[PDB]
Amino acid sequence: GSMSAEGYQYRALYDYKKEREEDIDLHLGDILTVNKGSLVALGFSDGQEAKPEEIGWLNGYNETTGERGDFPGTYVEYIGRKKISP
């Protein structure tokens, strides 16, 4: 059941198609996951994992399709932030 934690999560809102090699295919119910204590993944130090409106690009991955890449914080909805583990 994975060898690591999940971290914080964001529930997709609408089906979005990608156009850049940076962006990936986004579907409904697609939950994305980040780091548990290394949101600095991007270089941030204050973004409030709860409000994507202030964050620009979020980089994460969707195990739903086992795909990964970047997505704007204007098509998902933050749901929960905590040290989630099996």
# chains A, B, ... in the order shown; residues from 1 in each chain; ligands from 1
$ residues_around --residues "segment 25-41 of chain A" --least-positions-apart "5" --cutoff "8 Å" --atoms "only C-alpha atoms" --output "PDB file with C-alpha atoms, in the first residue's frame"
ATOM      1  CA  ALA A   5       2.908   9.093   2.677  1.00  0.00           C
ATOM      2  CA  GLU A   6       0.552  11.062   0.409  1.00  0.00           C
ATOM      3  CA  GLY A   7       0.447  14.635   1.755  1.00  0.00           C
ATOM      4  CA  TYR A   8      -2.187  17.247   0.811  1.00  0.00           C
ATOM      5  CA  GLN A   9      -4.856  16.730  -1.856  1.00  0.00           C
ATOM      6  CA  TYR A  10      -6.978  18.627  -4.359  1.00  0.00           C
ATOM      7  CA  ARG A  11     -10.198  17.411  -6.011  1.00  0.00           C
ATOM      8  CA  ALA A  12     -10.535  18.299  -9.714  1.00  0.00           C
ATOM      9  CA  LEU A  13     -13.548  20.467 -10.633  1.00  0.00           C
ATOM     10  CA  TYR A  14     -13.849  20.198 -14.438  1.00  0.00           C
ATOM     11  CA  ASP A  15     -12.336  18.206 -17.313  1.00  0.00           C
ATOM     12  CA  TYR A  16      -9.383  20.234 -18.680  1.00  0.00           C
ATOM     13  CA  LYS A  17      -7.241  19.334 -21.700  1.00  0.00           C
ATOM     14  CA  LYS A  18      -3.499  20.083 -21.816  1.00  0.00           C
ATOM     15  CA  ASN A  59       3.018  20.538  -9.533  1.00  0.00           C
ATOM     16  CA  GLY A  60       1.622  17.138  -8.463  1.00  0.00           C
ATOM     17  CA  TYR A  61       0.501  13.722  -9.744  1.00  0.00           C
ATOM     18  CA  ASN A  62      -2.784  11.847 -10.322  1.00  0.00           C
ATOM     19  CA  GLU A  63      -2.511   8.132  -9.409  1.00  0.00           C
ATOM     20  CA  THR A  64      -6.019   7.784 -10.943  1.00  0.00           C
ATOM     21  CA  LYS A  82      -2.280  16.729   6.696  1.00  0.00           C
ATOM     22  CA  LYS A  83       0.357  14.033   7.161  1.00  0.00           C
ATOM     23  CA  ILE A  84      -1.639  11.248   5.472  1.00  0.00           C
TER      24      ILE A  84
END
$ atom_distance --atom1 "atom CA of residue 69 of chain A" --atom2 "atom CA of residue 23 of chain A"
5.6 Å
$ closest_residue --among "A:24, A:75, A:66, A:3" --to "residue 53 of chain A" --atoms "only C-alpha atoms"
A:75
$ select_by_dssp --residues "chain A" --states "strand (DSSP E)" --output "ChimeraX atom specification"
/A:9-12,31-33,57-62,67-72,76-80
$ atom_distance --atom1 "atom CA of residue 56 of chain A" --atom2 "atom CA of residue 74 of chain A"
8.6 Å
$ closest_residue --among "A:78, A:47, A:54, A:70" --to "residue 20 of chain A" --atoms "only C-alpha atoms"
A:70
